[PDB]
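Only one chain is included here, represented as structure tokens and corresponding to the form deposited in one PDB entry.
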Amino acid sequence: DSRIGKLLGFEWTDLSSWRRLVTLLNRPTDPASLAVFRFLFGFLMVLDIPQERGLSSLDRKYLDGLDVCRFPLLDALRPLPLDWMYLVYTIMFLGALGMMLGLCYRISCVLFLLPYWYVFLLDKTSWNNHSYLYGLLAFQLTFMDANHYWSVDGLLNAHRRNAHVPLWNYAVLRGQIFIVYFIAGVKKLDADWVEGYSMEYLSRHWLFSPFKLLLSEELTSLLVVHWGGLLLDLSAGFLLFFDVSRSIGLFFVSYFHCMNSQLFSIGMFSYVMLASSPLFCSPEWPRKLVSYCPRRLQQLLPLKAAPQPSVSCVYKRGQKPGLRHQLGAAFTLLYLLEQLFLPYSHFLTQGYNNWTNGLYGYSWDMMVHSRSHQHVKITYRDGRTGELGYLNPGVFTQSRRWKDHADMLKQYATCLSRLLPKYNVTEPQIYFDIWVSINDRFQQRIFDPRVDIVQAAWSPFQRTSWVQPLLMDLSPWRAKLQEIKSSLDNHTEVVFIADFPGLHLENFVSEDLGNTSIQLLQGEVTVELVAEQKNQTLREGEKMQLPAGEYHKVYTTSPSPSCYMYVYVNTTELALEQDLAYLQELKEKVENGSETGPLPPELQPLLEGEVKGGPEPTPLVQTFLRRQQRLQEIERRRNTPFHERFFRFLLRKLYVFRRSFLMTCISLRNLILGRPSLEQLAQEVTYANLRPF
């Protein structure tokens, strides 16, 4: 009767002793809501396996004989051949279906769990928060008794049909969702989110159009997107648990998740969170909801009778708890403590630390950092002759997350070291020079450009000495820089650079980019032209007009870092645009009746639109025709009815599913019965890739 017991569902006396705590955490509860959540989660993962896990693209990702650089968490892991991987994904699909239908539930959970984590750990570049969440949910549900309501296993076994479940099944899931929301909220107490920098361009979307009717865009990008996000994180964490606030919280969270789903392309995360939101309701809502149906509907829906006793719960008359009862409470407490601690475990695993905190995926810092890379240079020195050469930025790689983490860079360096001898290169030394800015700051180096990464020292628990610190002393400049961005014309472009003392940047201005200038904002640098070996020492507020088509160098020779800017206009692009505008003006003058004289021979293809029975068109004519064709195609695309777009979307998804199933069938046949003739394989591959139509 006490208000504390009514609000929180338990009295303090239940926490007096361990036995009473176990009895509280193992009290009876209705099994319906857990069953509904099981069905929704299983169905969503079944739909998600052929789309995001990569069943359709697996044939061009783990192709045999191809030399690519993987990024596994453990170097001991190695991918298996493609056929065995397809078998693993088939086991994943079977486990997901079994969880959805509740048939051999524990085996289904295990068969989904072990492959999923194996795939998740195999490639660090495919880590995201929602994949980690799906993994954690699958791990949790392996122990939970979710096969008690609306399950085929119940029909196959009467003892586990419409029976009670212990209370900790709901408690662990509620704690997980609360931890997700609360950690997401608290992580967003950073200067780059409360100030509106991260995701600043989300306020122009048409979904925010009604908000603009009362607020300006600049304020709408701060009060609504960011502050609304933080407040909604905390509110979704806390409101749903209490009785009075459930309706408003459900409405806000549902609308928030729908808007997030339509704004972003995260995938199935928003739908899974929508499925999890009802879990805070009473544990018996589906049963009483079904009770409000006519007799005919009830004949096929699950049972409406009251639940029967179970054997994995403590019933009060005294019943002595067994062993599973205690282990349930122990698992609940330890798992919740581990979930709380893991996001803040970055002070132990400092080898993975960078400008950001730890690897991406297990911190719930969703959409809080944005990065803009400017350049990536890979230099190699041959170990026998002394030659110096340059590799392509992204060779032997399938992702671009190696530009932001030291460990991935080390693995990439080792991969290059082992693979380069296939191209007549002896034992090399590899140097990296990468330019990146986070949340619209000066472009600065992220890694030391003088350190051989192959021979560099890296361990998981020790800080790296070749990761440049993030210079936040240049943070307030983000105001003034933005103003400079708004005072330029449609052709001029500006690139901001912040450089460390002693290091120098070597650049080659292309022949097209005439009218390029360098200006110093803070510090003291020396700009050297190598054609005549002449350098000028620049002070603040001085500008130099650099050569176009040669190399220059900029050296920093001050006690502190120097910030400067490159301002350029593509002269070739301007000339091409002016010539195209002149040609368009002549075409319009001819069309509207002016210029009565005969058209030039080169203009004849333009009006005709097809070069048939005549000399080949000039490059300018080709460019004009291509631009007109592209404009017409874009215009046709924009003026497209919604039903056609929806039909194309459905057809494309059907193609993806069909390709996945056919490739899996071919792989399984090859694995079981062996390999048929090569021409048959080519024909089958052609058949699988065929568009449905």
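A residue's number is simply how far along the shown sequence it sits, counting from 1. Take the two forms, find the largest set of C-alpha atoms that superpose within 1.5 Å, and that set is the rigid core.
In what follows, reference is made to the form deposited in another entry, a form of this protein that is not presented.
Only one of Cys293, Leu223, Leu80, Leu94 has its C-alpha shifted by 2 Å or more between this form and the one not shown once the core is superposed, and that residue is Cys293. With the core superposed, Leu625 shows a C-alpha displacement of at least 2 Å between this form and the one not shown. Remark: with the core as the superposition reference, the CA shift of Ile634 between this form and the one not shown reaches 2 Å or more.
Put the two forms on the same core and the Cα of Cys281 is off by less than 2 Å between this form and the one not shown.
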